[PDB]
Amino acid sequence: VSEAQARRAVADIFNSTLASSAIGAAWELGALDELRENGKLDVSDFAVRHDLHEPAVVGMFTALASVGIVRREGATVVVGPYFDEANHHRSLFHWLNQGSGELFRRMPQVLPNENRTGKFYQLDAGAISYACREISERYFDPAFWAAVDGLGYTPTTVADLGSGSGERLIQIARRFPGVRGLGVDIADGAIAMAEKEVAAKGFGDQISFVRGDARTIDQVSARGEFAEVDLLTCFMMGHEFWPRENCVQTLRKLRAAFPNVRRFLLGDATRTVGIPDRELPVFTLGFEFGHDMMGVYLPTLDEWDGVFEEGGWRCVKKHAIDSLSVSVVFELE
């Protein structure tokens, strides 16, 4: 390449950083929904309506425009050639930046081994939760509902491992009005958020929550309710069960603690293999590099496939997700 080509490529990498951050912010502030409905927007009007500092609002749209996501026309912003694609994956940009940005920013301090004890990185939990709701819905739901449609029975008590916001249990209780639900989450803040949200939607008597580590599910006290659970779900946290030996034992413990579970629906993103560096798709690099930074194991799809029998489960159906890196839903029994 020429020096001019390198110059353009490096300027684009710099601007991409600002656009990337802006995709999450623009989602969250309501701009991308406006642009997807009407195809355009007036930046002063948008700034007044949402009581935002207009000079910053101009930067945000400029940052998006600098890489072809939107176009600026006088007072107006219109959707650019990459709008649909960036909008589709906006929760992933949110996750990377608003949720995870401080991890990546602190690369020089996170990488040194002597630094890597106790609290050594900081995520924004609320922001991660904010993004995870759309990540679940947008990428996981169709496979999730296809698995639910093919259960071959009607659930009476469902337990969700890593229940977070409580939304999955709420949706299951809408599909199956008899159903009792039980969410396990390790984070007491998620427990508080979930109990609150469930109560406001009218489900406080049907759905309840317990703080607990699903890696040590054999220690969770939930008034003997686990024995009545006949459906188990776990989405977007199963990599936490790994390394392999930890995972085998966690699966057996799940198997013994939920002895009346018929189907166990397990959904997660996985570590890819042999994608060429210049062909990496959205998410993949951030998912893998981030967990490598945090010290968290990420299995491949073949590692999952290979653990289940030893774990006490049989995989009877598998669904490919489009495309949140390489992600899947397993139907286990």
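We number the residues from 1 along the sequence you see.
Visitor: Mean CA B-factor: is it higher for 109-117 or for 242-250?
Guide: Taking the mean C-alpha B-factor of 109-117 and of 242-250, the larger value falls to 109-117.
Visitor: Mean C-alpha B-factor higher for 99-107, or for 153-161?
Guide: Mean B over CA atoms: larger for 99-107.
Visitor: With respect to the C-alpha temperature factors reported in the PDB entry, which of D268, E34, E288, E303 ranks highest?
Guide: Highest CA B-factor of the listed options: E34.
Visitor: Sorting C132, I186, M237, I170 by Cα temperature factor from the record, which one lands on top?
Guide: Spelled out: the listed residue with the top C-alpha B-factor is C132.
Visitor: Among all modelled residues of this chain, ranked by Cα B factor, put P142 in the bottom, middle or top third, i.e. lowest, middle or highest.
Guide: Middle third of the chain for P142's C-alpha B-factor.
Visitor: Would you check the entry's CA temperature factor for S21 and let me know if it's in the chain's lowest, middle or highest third?
Guide: Its C-alpha B-factor belongs to the middle third of this chain's values.
Visitor: Using the B-factor values recorded in the entry, state whether the Cα atom of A200 falls in the lowest, middle or highest third among the modelled residues of its chain.
Guide: CA B-factor rank for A200: highest third.
Visitor: Would you mind checking where the Cα B-factor of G39 ranks among the modelled residues of its chain, as the lowest, middle or highest third?
Guide: Tercile = highest for this residue's CA B-factor.
Visitor: By the recorded C-alpha temperature factor, relative to the other modelled residues in its chain, which third is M293 in?
Guide: Its C-alpha B-factor belongs to the middle third of this chain's values.
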